[PDB]
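We begin with a single chain expressed as structure tokens, specifically the form deposited in one PDB entry.
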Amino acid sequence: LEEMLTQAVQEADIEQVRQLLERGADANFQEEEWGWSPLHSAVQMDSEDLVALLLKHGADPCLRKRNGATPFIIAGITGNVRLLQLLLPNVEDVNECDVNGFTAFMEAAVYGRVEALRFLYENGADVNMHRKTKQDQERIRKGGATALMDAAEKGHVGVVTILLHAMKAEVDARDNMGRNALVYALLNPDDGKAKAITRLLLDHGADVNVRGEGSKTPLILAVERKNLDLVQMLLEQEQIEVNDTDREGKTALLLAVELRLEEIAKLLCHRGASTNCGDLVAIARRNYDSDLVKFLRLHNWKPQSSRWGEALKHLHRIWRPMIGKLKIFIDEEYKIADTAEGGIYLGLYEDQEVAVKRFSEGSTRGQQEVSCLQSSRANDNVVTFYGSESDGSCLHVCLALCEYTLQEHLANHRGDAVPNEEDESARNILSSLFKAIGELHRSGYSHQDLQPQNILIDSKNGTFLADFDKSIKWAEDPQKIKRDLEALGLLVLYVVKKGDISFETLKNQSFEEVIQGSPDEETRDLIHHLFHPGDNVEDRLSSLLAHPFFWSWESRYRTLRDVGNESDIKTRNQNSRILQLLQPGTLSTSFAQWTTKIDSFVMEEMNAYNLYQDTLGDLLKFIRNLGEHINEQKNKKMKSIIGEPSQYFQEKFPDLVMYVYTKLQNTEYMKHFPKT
């Protein structure tokens, strides 16, 4: 409670602070979050009195906080040299560094404290000392710069010359990345301070051929500064290398042209710049700078998409300005489709092909697009989100480049299956959707506008959800999930009908006529579960992935055969557990009277010794028996009337799979279901 009262040292009311200690108070109590002590806080205030009042009570001036800084190293920042006088007699070393390396002397340089700089110099400060930081920091080649380098980057022109002339500072010292003070100097935005520090460093021997960020020579940071004075000052040096290139291969002259700098280019050419680092005239001409055009003539990428391959080769070929990491041109040739706002165009994000949805910089829907995308990057069935880039007035959200709408995809593949072949494709597309929407739901978003033009297919026939511009965080309103699940219902019928019924016809039908439009009992059941998912929605989608709809025909036949191989079915044991589940209590199904709807020959041949009864038990027994012997050669005749046996039984008995499914779902006999 009484060490809460160090609040009093920042109210600057000295008269409480005396009482604090007498009442019982620790003057070295360090607040545990960042390490702040009273003396620490006192010296950042420049309060001559509080320094005196609590060194009177033993606050250590070599006490380190989280960052490693002592009140002495901080006193170099406030720059009042009387507080340096008050705690110097009690410091072990005037050249003590914090964990990033900053000394009292170096902090005087950063903050331009010119008379605090003076006291520490002839008091033993190491003028040329490079900074010692942490080991994680030194294998990234960080640290090592000097007070000179510090004064140069903070424009403290006064500090630089005092350091260079009164105190023998190494002008061409480098830090752990080879940066000299010259480099630090050329990143101050103020042009006057830059120019003066540069001459003050050049006249004394600073290496004018040094490298900094992005392998840029000083001369290159000068042209990219658009500051002709710096250029002429650096080219007054014999040993300047005018055709040095940066990381991306550009020379000082090339960029000078690119940025439409007439005089700056005119001067690099007039001083022996290499004119063949590129097509120089063509850049000036595209810049509508015909005065340079006149002066300068006097001296493999592979796209991945097939559909868009040829256009993305054209967009790679042409020149375009970059919007951050993105290369784009608004032209019909690169337009993929029309959106509410701005179309979606092809683009190049970090040299990768992408689709680009465009919003107004402040568009609420663009907000919601990026919010949802940013929460979905783990959702493997959501379009890959590369990132967004702003023009300052158009938000470019960049997405993976898919090949086809779901609707286009179905149209191109409508002829793929023979009219009654297993539709493996529908199962996969809808299953990805079921995953995509379920994971989207778990991440807290609901799509709100599911429809085939929002589902895209890639070069690998993966299906992906998209267009989150209308999504909503659903925690606020939890019943709103159920729209996605209804749309998913229509999407099941939409995809199973191979696209032959337009989505807009389905969105106008009632729930019942959509169920009625289903081609089989599996699909009818799945749609029904989507239209009535329960107020307890939770993760209903993940469970429906076990619906027989998703069982291959082989798996449904394997499961009928396995249920029919249970001991109590073959022995027709009516009071067994298995047959009490399947046929209890007395019938209006397709397999009532089933023995009277099998070909008369296969039937009686199959009575290879009473006979087969009209129980469902024996029909499973039947399917089991015929499954085991279909390919034996005494039955080659019978193999040909049945055709594929799975297809045979499902078509003569459309409700069979569903019926055995329903009766065994939460029983020990679920073990016979296929694996999911």
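Numbering starts at 1 and runs along the sequence shown. Rigid core (definition): largest C-alpha set, two forms, superposition within 1.5 Å.
Peer 1: Quick one: across the other PDB entries of this protein we compared, is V537 left without coordinates in at least a third of them?
Peer 2: Across the other compared entries, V537 is absent from at least a third.
Peer 1: Can you check if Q650 is missing its coordinates in at least one third of the other PDB entries compared, counting only those that model the residues either side of it?
Peer 2: Per the records, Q650 is modelled in all the other entries.
Peer 1: Count up the deposited residues without coordinates from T586 to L587 and drop the result into none, 1 to 3, 4 to 9, or 10 or more.
Peer 2: Per the deposited record, the segment joining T586 and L587 lacks coordinates for 1 to 3 residues.
Peer 1: I want to verify a possible break: how many residues of the deposited sequence sit between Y609 and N610 without any coordinates (none, 1 to 3, 4 to 9, 10 or more)?
Peer 2: In the record, 10 or more residues between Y609 and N610 lack coordinates.
Peer 1: Averaged over C-alpha atoms, is the B-factor higher for 300 to 308 or for 178 to 186 in this PDB entry?
Peer 2: Result of the comparison: 178 to 186.
Peer 1: Could you check which stretch, 634 to 642 or 47 to 55, carries the larger mean CA temperature factor in the entry?
Peer 2: Higher of the two, by average CA B-factor, is 47 to 55.
Peer 1: Would you mind checking which of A273, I455, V382, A592 has the top Cα temperature factor in the PDB entry?
Peer 2: The listed residue with the largest C-alpha B-factor is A273.
Peer 1: At the C-alpha atoms, which of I330, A166, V397, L485 reaches the highest B-factor in this entry?
Peer 2: That would be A166, according to the entry.
Peer 1: Would you please rank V602 by its C-alpha temperature factor against the other modelled residues of its chain and give the third it falls in: lowest, middle or highest?
Peer 2: Answer is middle: the recorded C-alpha B-factor places it there.
Peer 1: Can you tell me which third, lowest, middle or highest, the CA B-factor of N67 falls into for its chain?
Peer 2: CA B-factor rank for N67: middle third.
Peer 1: Is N573 in the lowest, middle or highest third of its chain when residues are ranked by C-alpha B-factor?
Peer 2: For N573, whose C-alpha B-factor we compare with every modelled residue in the chain, the answer is the middle third.
Peer 1: Hey, what third does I323 fall into on Cα B-factor, ranked over its chain?
Peer 2: Lowest third, going by the recorded CA B-factors of the chain.
Peer 1: Mind checking which third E353 falls in for C-alpha B-factor across the chain?
Peer 2: Tercile = lowest for this residue's CA B-factor.
Below, we turn to the form deposited in another entry, even though it does not appear here.
Peer 1: Quick check for you: superpose on the rigid core, then look between this form and the one not shown for a C-alpha move of 2 Å or more. Which of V293, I323, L235, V537 is it?
Peer 2: So the only displaced C-alpha belongs to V537.
Peer 1: For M638, is the CA shift between this form and the one not shown at least 2 Å following rigid-core superposition?
Peer 2: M638 C-alpha, core-superposed: shift of 2 Å or more.
Peer 1: How does the C-alpha distance between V370 and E538 change in the other form compared with the present structure, closer or farther, given a change of 3 angstroms or more?
Peer 2: Result: closer.
Peer 1: By 3 Å or more, the Cα spacing of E538 and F464 differs in the other form; is it closer or farther than in this view?
Peer 2: Closer, not farther.
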